[PDB]
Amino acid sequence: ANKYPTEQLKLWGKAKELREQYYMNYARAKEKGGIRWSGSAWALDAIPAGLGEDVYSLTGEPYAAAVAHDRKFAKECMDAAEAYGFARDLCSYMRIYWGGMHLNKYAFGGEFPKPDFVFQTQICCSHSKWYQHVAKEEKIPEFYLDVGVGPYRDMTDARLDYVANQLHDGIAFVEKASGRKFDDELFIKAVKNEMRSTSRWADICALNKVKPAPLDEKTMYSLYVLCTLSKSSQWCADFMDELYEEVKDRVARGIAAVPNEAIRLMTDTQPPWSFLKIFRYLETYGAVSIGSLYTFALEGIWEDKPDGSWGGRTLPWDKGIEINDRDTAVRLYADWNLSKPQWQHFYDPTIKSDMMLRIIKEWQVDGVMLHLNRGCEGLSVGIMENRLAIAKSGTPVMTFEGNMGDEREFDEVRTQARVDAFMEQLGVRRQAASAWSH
């Protein structure tokens, strides 16, 4: 079947080890007097990093996704949250997280480790409600950064002021909650590391534009996750640099993630974590998923490049912009995060429609498989308008219903049959095109 050379990733084991160490560090944070905090993967984690090198987060959505990979434990956690009285149609990550806190069990062993404080970003409505319940049940201080200032391309000075001024409140909050003095040098280092890691993850994804794709999306789920754990850490920034070197070498050598690659797919949001085997099934057709706006930009930070293409955002110091003081760092850090592609559709779904159409073009995509994800209001808003814009463009597109965290709303059998039908459709379209353009 295999037209292309293929090779397994050399840095795979390190990617798995860094993730395991992150989770073990959170649990062991108190052995040497460290700080623990919890919040979204979208929290501005450089702020707590100004309190020391022994400040360990637990990001809520990646943790809940880890639980969702264990169907039995995920079921138990959701049953506990339901017994408390929460509606079953709330965010499945949030329900899993709540249930595991009530059960007092950590997915990586032991009791559920109590955070010292909540440090959260609010853009999805459930961002507040998730940690309001946690902070009451753990009796801990809580801080929320309201980033709801509308699309980055419409940004005003006052909108940026609102986010920057809240971040200064956040500094005061984490000092009070932890009892430590915030250090400008550690903070600036963390801002710079977050800029590095998020831009570099984008650089790696942009390498997937070539045929054959050096990475498949299932492999990428174990790589994009590191920025969702601690994007402002030195370890994450340095690993993104190492990974970029490996993927560059794969491109240089013509290496394919999928040796029989013939069809390039794009997905969208939050895949069903206990059903990633669907991607291996697609590989039997010679289909590889090259990524998604979700994989590329849940944390990756992007810009338009000199040729009009999409690439990692330029680091300020490569642009003559110095970061030498707290106030400059805070404003640039706010601006960096407000450019996040995966925040724009909370205001205007056509921004995401255009972003998806651009990915289809630049990554040379043959077909799109859209998850209508009942488990996540925040990433699903606007999904049907995105589908319509893709349908109008002429690129084949199918949908399937599911839930990234709650298997009870995902039908494996029906979804696999729809995906099979889609593979047939792509073959038919190829035959018709060949016949017309003989």
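Counting begins at 1, following the sequence as shown.
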Open item on the list: When the Cα temperature factors in the entry are averaged, is it 403 to 411 or 37 to 45 that ends up higher?
Closed with: 403 to 411
Task: Higher-B stretch (mean Cα B-factor, as the entry records it), 272 to 280 or 171 to 179 - done: 272 to 280
Task: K305, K105, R331, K340, ranked by C-alpha B-factor: the highest one - done: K305
Task: Per the PDB entry, maximal CA B factor within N386, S380, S57, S393 - done: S393
Task: Position of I351 among the chain's modelled residues by C-alpha B-factor, lowest, middle or highest third - done: middle
Open item on the list: Using only modelled residues of the chain, where does the Cα B factor of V258 rank: lowest third, middle third or highest third?
Closed with: highest
Task: Position of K248 among the chain's modelled residues by C-alpha B-factor, lowest, middle or highest third - done: highest
TODO: Just say lowest, middle or highest third for the CA B-factor of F86 relative to the other modelled residues in its chain.
DONE: lowest
TODO: Within this chain's modelled residues, let me know which third the CA B factor of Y23 belongs to: lowest, middle or highest.
DONE: lowest
